[PDB]
Amino acid sequence: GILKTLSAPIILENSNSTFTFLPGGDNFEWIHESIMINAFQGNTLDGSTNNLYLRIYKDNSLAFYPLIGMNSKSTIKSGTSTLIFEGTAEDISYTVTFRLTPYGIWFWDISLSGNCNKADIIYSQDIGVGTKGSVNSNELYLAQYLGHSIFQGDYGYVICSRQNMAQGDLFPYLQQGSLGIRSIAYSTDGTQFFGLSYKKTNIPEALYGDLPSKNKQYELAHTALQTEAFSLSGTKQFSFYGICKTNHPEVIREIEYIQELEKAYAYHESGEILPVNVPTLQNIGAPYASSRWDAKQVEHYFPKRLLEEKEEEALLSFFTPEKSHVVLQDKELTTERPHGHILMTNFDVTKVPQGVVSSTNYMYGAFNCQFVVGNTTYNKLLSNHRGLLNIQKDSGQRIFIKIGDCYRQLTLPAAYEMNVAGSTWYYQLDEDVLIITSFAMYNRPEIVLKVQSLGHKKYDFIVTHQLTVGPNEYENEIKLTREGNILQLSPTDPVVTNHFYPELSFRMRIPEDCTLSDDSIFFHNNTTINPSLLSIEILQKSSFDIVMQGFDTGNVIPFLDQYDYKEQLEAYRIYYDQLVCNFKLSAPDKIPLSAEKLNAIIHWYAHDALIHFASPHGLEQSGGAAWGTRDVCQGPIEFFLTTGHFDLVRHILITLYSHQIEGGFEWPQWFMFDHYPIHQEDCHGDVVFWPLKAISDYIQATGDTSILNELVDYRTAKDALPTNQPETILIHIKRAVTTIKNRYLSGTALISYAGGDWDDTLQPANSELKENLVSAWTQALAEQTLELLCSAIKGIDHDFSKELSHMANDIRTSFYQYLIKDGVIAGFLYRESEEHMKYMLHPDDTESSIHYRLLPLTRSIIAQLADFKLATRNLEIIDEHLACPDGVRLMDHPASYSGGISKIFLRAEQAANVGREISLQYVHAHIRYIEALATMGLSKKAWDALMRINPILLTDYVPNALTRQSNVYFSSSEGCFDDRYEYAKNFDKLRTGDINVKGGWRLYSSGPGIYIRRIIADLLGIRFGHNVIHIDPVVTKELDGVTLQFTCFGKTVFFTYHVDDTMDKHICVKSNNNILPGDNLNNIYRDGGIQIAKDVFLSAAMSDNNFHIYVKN
Ligand SMILES: OC[C@H]1O[C@@H](O[C@@H]2[C@@H](O)[C@H](O)[C@@H](CO)O[C@H]2O)[C@H](O)[C@@H](O)[C@@H]1O
Ligand SMILES: [Ca+2]
């Protein structure tokens, strides 16, 4: 059985423009040359995101009617470049004429006839303004770089947008406005038009009032324009228009293309314009959102609640003793980002896994998106989640339920409960509760949907599945076979998946009495439009399930007879416990809140980190699949080193070293770690150090110098194929270090910036910057890394170890000689020669608004590179110029923004949106600040810093922080600034907490792993070494009397902290009152902790596993 692909049947063409529509006239793909103008493709059930709304004002009501798309009930005529919608709203007759002209200009001509006292129109248009691949890859990201400029033309507001992130080499542009009627108000983001309330009501919030007339630069690029209100008695006519320019290299300064628009306006197609058949929804109602639960209901279903978050006495969220996090409906309506979750199947934690099964879900009834087996991009069954507000609500697995006459799509539940093993949705129905559960099987490549009516009441359902079977929906045909209640799905030949995973298939077990169709069953006349929407109609049932299996290599297994959530929950609980070494903080009296939060969060962060590693994708950042080179060296390796998963790390390192590129002998920016030969051979300048650092850390932690003699291949730059000319990892290392020697600016050991450093938004804007910039952070990391490498290699190759020492000394010397002035480490040096040198991100750069950088300041402490006095200074700089209530910032002022053109840094100066790194509080870098504080023993700052970025009860800790999902990592914290200009002007609000701040992209980050390492290794102070344990806590008096349960070398022990500032020594460890012998650790900033031998430590733990740690902070 072959499922055909959706093709938009309405195809408008003119010149270099192809605009396609679904049968009801919903935007599908609007292409001008190589630029996609819309942000979202319409789908056959919801239609598209754009519309034109007629509003009617009366004495006792406001009404609002969409005029286009499947939801208008318009009849439709088409020609080759023209679309004509016709219908009535109340007693107003309308016609809307869409004209696609030859000039990369389009019109919506509106004509209204009838009698009414007061009406207006709202124009609504989602805009991508990138290549097709850019749009599909990540709409949110693309929108962040689309800068809007607002002008008054002859007919009120006109919206001009420039895409600042290069598309090919082009910077595309849009203009939108009105003709023959004044646009009296405008908005530029989806959150302004639809609002958060949409996620419940399914009605765009702006429809009830006036547009705000503010440009909000956020992630839903969405233009709206509101006409002046008018009377009708007879006929009135007017237009909206758009203009696309594929390349607008200048910044936007005024309204352009006035004469071209006037010309285009006069354009009409000669041909006939003929009726087309419009399929119409049959017995499909509006979506169904649950009613909200009251306190009695919450109490009944969740009698045991922890860490309750309340606002205005409404319960928003809480955690449970079962390690779940529960979200109530009201919270979702306040959070800009949608609550969500990623399921992932367990794997053998001694090896880099393959074929891991993953699924994503969200609270507003996206039960299962991006079902994948192995590769998260290509080995996929269900389409990705897109957007933020669930306008387009088709993705992945969706559920309709019949209520009265009508099937209604489930959206927002009363409550949403996440566990590491699954998600559960509770919908309140009339005198019933429907429980939906989507969950991972333990030891099996499966996700399971279960639906249960609590009162055993029977309902009718349609479960839809937007199939991919391949990377994307609507690309390729799909093989579908059925045997009884088992479907098997596999990719057809053209699909890339087919080439590298030829045996890949999915299977679905469906309910015994169900009927199978495509979208045909939704329409009055049974017309298939989207043949790859797999629909399962299930009649008069009080429960059912659908079980989804994935087989990347075709190892098909039979379905179990019963699929039990509770058993998986228990198994995943133990799996995660073991992953974190049975981490548990306890105390006899009330545990401190900080410890209570750590116990709550640590397995969530473990889960996040484990996804980042094994099934790499995020919520917003859905497109991943690859390992990032620096990424895998940080979150995953640091997590695994911290918890003793040394075999896994060894394997990760061998896999990583195999991906070093032949010839250049650096690493790609990122690479697939499966059979897809795909990588990005161009890299940032910092990337070469990470694998060097990580291997040194592994060697130091395990003593496993054998990893250096392993024979490991390389990859070719263009093809990403094995070179089949392996060498020892030692020789890999040598070749990588040669590249580093070649980075020296002549006459120095200053490392050239090259492709950039850690901050992916600070890529050099030209080749002079690439050659003559020096990042002080990079310099520091290079020193750190070469010293670590020196030590790891000292026993194996004396001569190379000696050379590494020299190099490190030279780099160190250059760092102190060039990059420090007046006690301040410069962010950057620009050096043409000894005679022409200048600082950036240093107080000496008086022309600049930017005078301090965080990164060099932390790294130089972490590396023990900064002498005690310099380090001390670094901290004072942070305190005075970088520290904010939401954490430490990356620089003391934003990067330049002047309409989107880059002068020094690329994406930092192009981002229209205040978010991500541009927010200047990127959490990962804050976590490094924590590491530096721990290095210095500054326990009160370190623990306060730890809590500032902890999502559990964040709003109580950081009063200007806006609430966000509490059981997932947030990557950034950004001021609620609508544009870069306001951001620059009122930046100081961030220091004082006089602006609100909101959370960034979730889950996918090295942050969760490196946070874990901060908690356990740096602060609680339990670290593993070659047949030794290091105890070096940096704790506050608040942890006095608190105990950590932790499994060490396979033995569970209990570390009880005693914080005694009156002791004559720094640290003392006891078991059964016997003092444990050991050596003191090296630390230039403070007294170090203690190194105890493994044999000694274990011998003590066998007789008494309660270790008492006496420390003086
Ligand atoms: O997706 C937007 C973000 O991309 C980050 O770089 C990603 C990296 O996180 C990922 O591990 C690899 C492999 O999928 O792809 C890179 O493009 C940048 O650091 C961010 O600035 C950007 O927001
Ligand atoms: Ca105490």
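Are there any pairs with C-beta distances below 8 angstrom linking a residue in segment 1037-1050 that is in contact (Cβ under 8 Å) with a residue 24 or more places away in the chain and among the acidic types (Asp, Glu) to a residue that is away from ligand 1 (no atom under 16 Å from the Cβ) and in a helix (DSSP H, G or I), with the two at least 6 apart or on different chains, and if so which?
Listed pairs, sorted by first residue: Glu1038/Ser594; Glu1038/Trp943.
Of the conditions (1) in contact with a strand residue (DSSP E or B) (Cβ under 7 Å, 6 or more places away or on another chain); (2) surrounded by 21 or more Cβ atoms within 10 Å (Cβ to Cβ); (3) not hydroxyl-bearing (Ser, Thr, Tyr), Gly156 fails just one. Which one is it?
With (1) in contact with a strand residue (DSSP E or B) (Cβ under 7 Å, 6 or more places away or on another chain); (2) surrounded by 21 or more Cβ atoms within 10 Å (Cβ to Cβ); (3) not hydroxyl-bearing (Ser, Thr, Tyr) applied to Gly156, the lone miss is (2).
In segment 1020-1034, what residues are buried (at least 22 other Cβ atoms within 10 Å of the Cβ) and either away from ligand 2 (no atom under 16 Å from the Cβ) or over 32 Å from the mean Cα position of the chain (by Cα) (or both)?
Passing the criteria: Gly1021, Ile1022, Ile1029, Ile1031, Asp1032, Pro1033, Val1034.
Within the group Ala224, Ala206, which residue is in a helix (DSSP H, G or I) and either within 32 Å of the chain's Cα centre (by Cα) or of a type in the set (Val, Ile, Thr) (or both)?
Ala206
Residues of segment 91-135 being within 38 Å of the chain's Cα centre (by Cα) and among the hydrophobic types (A, V, I, L, M, F, W, C), which ones?
Of everything in segment 91-135, those that are within 38 Å of the chain's Cα centre (by Cα) and among the hydrophobic types (A, V, I, L, M, F, W, C) turn out to be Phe98, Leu100, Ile105, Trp106, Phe107, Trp108, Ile121, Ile122, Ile127, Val129, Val135.
For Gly628, all conditions in the list (1) within 13 Å of ligand 1 (Cβ to nearest atom); (2) farther than 29 Å from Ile1016 by Cβ; (3) in contact with a strand residue (DSSP E or B) (Cβ under 7 Å, 6 or more places away or on another chain) hold save one; what is the number of the exception?
Single failed check for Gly628: (2).
Quick one: in segment 809-824, which of the residues that are touching a strand residue (DSSP E or B) at 6+ places or on another chain (Cβ under 8 Å) and under 17 Å from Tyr852 (Cα atoms) is surrounded by the most Cβ atoms within 10 Å (Cβ to Cβ)?
Of everything passing the filter in segment 809-824, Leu819 is surrounded by the most Cβ atoms within 10 Å (Cβ to Cβ).
Counting only residues that are surrounded by fewer than 15 Cβ atoms within 10 Å (Cβ to Cβ) and not β-branched (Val, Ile, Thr), how many does segment 1-15 have?
6
Being surrounded by fewer than 24 Cβ atoms within 10 Å (Cβ to Cβ), more than 24 Å from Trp690 (Cβ to Cβ) and within 16 Å of ligand 1 (Cβ to nearest atom) is true for just one of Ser898, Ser902. Which residue is that?
On inspection, the qualifying residue turns out to be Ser902.
Output the residues belonging to segment 1069-1108 that are closer than 16 Å to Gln1045 by Cα, touching a residue at least 40 places away in the same chain (Cβ under 8 Å) and in a loop (DSSP other than H, G, I, E, B).
Once the filter is applied, which keeps residues that are closer than 16 Å to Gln1045 by Cα, touching a residue at least 40 places away in the same chain (Cβ under 8 Å) and in a loop (DSSP other than H, G, I, E, B), segment 1069-1108 yields only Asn1105.
Give the residues of segment 695-737 that are over 22 Å from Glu638 (Cβ atoms) and among the hydroxyl-bearing types (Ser, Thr, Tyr), sorted by residue number.
Hits for segment 695-737 are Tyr714, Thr716, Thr723, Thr728.
So is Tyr1004 among the aromatic types (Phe, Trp, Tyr) and within 16 Å of ligand 1 (Cβ to nearest atom) or not?
yes
Please state which of the following conditions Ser93 fails to meet, knowing it meets all the rest: (1) over 25 Å from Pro23 (Cβ atoms); (2) among the small types (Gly, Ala, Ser); (3) surrounded by fewer than 19 Cβ atoms within 10 Å (Cβ to Cβ).
If we test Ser93 against (1) over 25 Å from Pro23 (Cβ atoms); (2) among the small types (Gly, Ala, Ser); (3) surrounded by fewer than 19 Cβ atoms within 10 Å (Cβ to Cβ), just (1) comes out false.
Which is without any contact (Cβ under 8 Å) to a residue 60 or more places away in the chain and either over 28 Å from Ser896 (Cα atoms) or out of contact with any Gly (no Cβ under 6 Å at 6 or more places or on another chain) (or both), of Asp1018, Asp944?
Of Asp1018, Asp944, the one residue that is without any contact (Cβ under 8 Å) to a residue 60 or more places away in the chain and either over 28 Å from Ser896 (Cα atoms) or out of contact with any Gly (no Cβ under 6 Å at 6 or more places or on another chain) (or both) is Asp944.
Tell me, which strands (runs of 3 or more DSSP E) lie completely within segment 472-528 with 1 or more residues that are touching a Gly at 6+ places or on another chain (Cβ under 7 Å)?
So the answer is 478-483, 486-491, 505-509.
Can you report the number of residues in segment 753-803 which are of a type in the set (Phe, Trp, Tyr) and part of a loop (DSSP other than H, G, I, E, B)?
Qualifying residue count for the region: 2.
I need a count of the residues in segment 1035-1049 that are more than 16 Å from ligand 2 (Cβ to nearest atom) and out of contact with any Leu (no Cβ under 9 Å at 6 or more places or on another chain).
1
Is it fair to say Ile37 is crowded, with 22+ Cβ neighbours inside 10 Å and in contact with a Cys (Cβ under 7 Å, 6 or more places away or on another chain)?
Answer is yes for this residue.
Check segment 1058-1065 and report whether any residue there is touching a helix residue (DSSP H, G or I) at 6+ places or on another chain (Cβ under 7 Å), away from ligand 1 (no atom under 16 Å from the Cβ), assigned to a strand (DSSP E or B) and of a type in the set (A, V, I, L, M, F, W, C).
yes
So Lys566 fits all but one of (1) under 19 Å from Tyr1011 (Cα atoms); (2) surrounded by fewer than 20 Cβ atoms within 10 Å (Cβ to Cβ); what number is the exception?
Status for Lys566: all satisfied but (1).
For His806, state whether it is surrounded by 14 or more Cβ atoms within 10 Å (Cβ to Cβ) and either in contact with a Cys (Cβ under 8 Å, 6 or more places away or on another chain) or not in a loop (DSSP other than H, G, I, E, B) (or both).
In short, no.
Within segment 1039-1081, restricting attention to residues that are basic (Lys, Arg) and closer than 16 Å to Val1096 by Cα, which residue is surrounded by the most Cβ atoms within 10 Å (Cβ to Cβ)?
The selected residue is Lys1070.
For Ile678, indicate whether it is under 30 Å from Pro502 (Cβ atoms), surrounded by fewer than 22 Cβ atoms within 10 Å (Cβ to Cβ) and more than 16 Å from ligand 2 (Cβ to nearest atom).
yes
Mind checking whether some residue in segment 543-555 is more than 16 Å from ligand 2 (Cβ to nearest atom) and either part of a helix (DSSP H, G or I) or among the aromatic types (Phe, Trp, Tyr) (or both)?
Within segment 543-555 (the criterion being more than 16 Å from ligand 2 (Cβ to nearest atom) and either part of a helix (DSSP H, G or I) or among the aromatic types (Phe, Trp, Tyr) (or both)), the answer is yes, since at least one residue qualifies.
In segment 268-281, is there at least one residue being farther than 27 Å from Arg398 by Cβ, in a loop (DSSP other than H, G, I, E, B) and among the charged types (D, E, K, R)?
yes
Which residues, taken from segment 962-984, are aromatic (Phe, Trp, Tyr) and under 20 Å from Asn419 (Cα atoms)?
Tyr969, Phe970 - these are the residues of segment 962-984 that are aromatic (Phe, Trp, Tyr) and under 20 Å from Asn419 (Cα atoms).
Out of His603, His612, I need the residue that is more than 15 Å from ligand 1 (Cβ to nearest atom) and either touching a residue at least 12 places away in the same chain (Cβ under 8 Å) or closer than 30 Å to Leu388 by Cβ (or both). Which one?
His603
For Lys402, state whether it is in contact (Cβ under 8 Å) with a residue 12 or more places away in the chain, assigned to a strand (DSSP E or B) and surrounded by fewer than 22 Cβ atoms within 10 Å (Cβ to Cβ).
Here the answer is yes, as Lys402 does meet what is asked.
Counting neighbours? That spans all protein chains shown, and the Cβs are built from the backbone with ideal geometry, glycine included. Values in this text are rule-based calculations from the coordinates and carry no lab data.
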